[PDB]
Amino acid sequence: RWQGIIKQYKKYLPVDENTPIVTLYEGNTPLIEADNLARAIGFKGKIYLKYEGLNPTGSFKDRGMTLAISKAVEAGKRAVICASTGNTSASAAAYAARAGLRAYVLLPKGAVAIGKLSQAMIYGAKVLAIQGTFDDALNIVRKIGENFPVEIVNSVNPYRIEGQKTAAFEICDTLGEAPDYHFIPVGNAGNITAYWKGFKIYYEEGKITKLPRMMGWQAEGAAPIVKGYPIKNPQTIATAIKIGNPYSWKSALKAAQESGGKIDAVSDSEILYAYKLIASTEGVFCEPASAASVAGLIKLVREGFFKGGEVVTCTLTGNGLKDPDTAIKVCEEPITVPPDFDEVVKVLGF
């Protein structure tokens, strides 16, 4: 029986026999062999899609929060506090509810938008609209953590990356060896960092004989790592990776460098093409940001990057049900047809 990532990989995590485990059975997500997709893009090798959208709150972030909240409970924290309007906030809230802890979200009145906060809110998170600026409100978040037993779960929390490395463990456990390449979307770059650390651990332990080349992918209008300098106003339909100054920038470059990989960019058009193709070839629905990994692969295929026979794994970071707006946006118009058998058959290719 699957019982969460902490119980499965406890010997690799900063926990012990007394650490309280707050889990929603995250992890152990499908590693789907995508032969239809491979044929559709002309990739002469095996493609495996790690479908993280099936995690409890719809994002791989759950891997980090289970450990982060568990450690918080162990430390006697009475609540968690966040300053995010995305998957981070929803994930932290879910685990806080599971742990019986309070969850607080402080954001500037301007960054508030119910659509992006509904999930976190239903989890029980108390959202405050700070009548001020972004950094204005982060100061308040900081002051709370310094003065009260409230756990800050921003990027600064080291347990998030630690829990996230378990995705690499699962790929290696399932395949029996590491892939030749691992494709992953890159926003704040914590995930690519985590996977690399995960692969190195299994390698240092002798569980795998080779280390995958880490191929990270950013959206064109928000590719500070690819360019080498921060992006003031990052732009991209893939909200999850719309980051101008990634928190884990340094470790991400090290991961690409050590693994012999690279962090590159793809356009929103290429991202949407992959987003749709993944669903129409394999019946796997991920969110736009997740598709960047496959879009990256498609790009390299067309450029004649591969020699043939390589094994590639792609992280589909979030559930496509996370983004109903983009889903509706890419939908063509339903073809209108008269109530006539023969006409219908005519429209269809019969």
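Don't overthink the numbering: it's just position in the shown sequence, from 1.
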Inset, instruction - Report the stretch with the higher mean CA temperature factor, choosing between 87 to 95 and 219 to 227 on the basis of the entry. - result: 219 to 227
Inset, instruction - Select between 41 to 49 and 282 to 290 the stretch whose C-alpha atoms have the higher average B-factor in the entry. - result: 41 to 49
Inset, instruction - Can you pull the Cα B-factors for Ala111, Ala72, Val186, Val266 from the entry and say which is highest? - result: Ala111
Inset, instruction - Name the residue from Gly304, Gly296, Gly27, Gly58 with the greatest C-alpha temperature factor listed in the entry. - result: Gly304
Inset, instruction - Quick one: classify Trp249 as lowest, middle or highest third of the chain based on its Cα B-factor. - result: middle
Inset, instruction - Classify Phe134 as lowest, middle or highest third according to the C-alpha B-factor given in the PDB entry, relative to its own chain. - result: highest
Inset, instruction - Grab the CA temperature factor for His182 from the record and place it in the lowest, middle or highest third of its chain. - result: lowest
Legend entry - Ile208, C-alpha B-factor rank within chain (lowest, middle or highest third): highest
Legend entry - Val150, C-alpha B-factor rank within chain (lowest, middle or highest third): middle
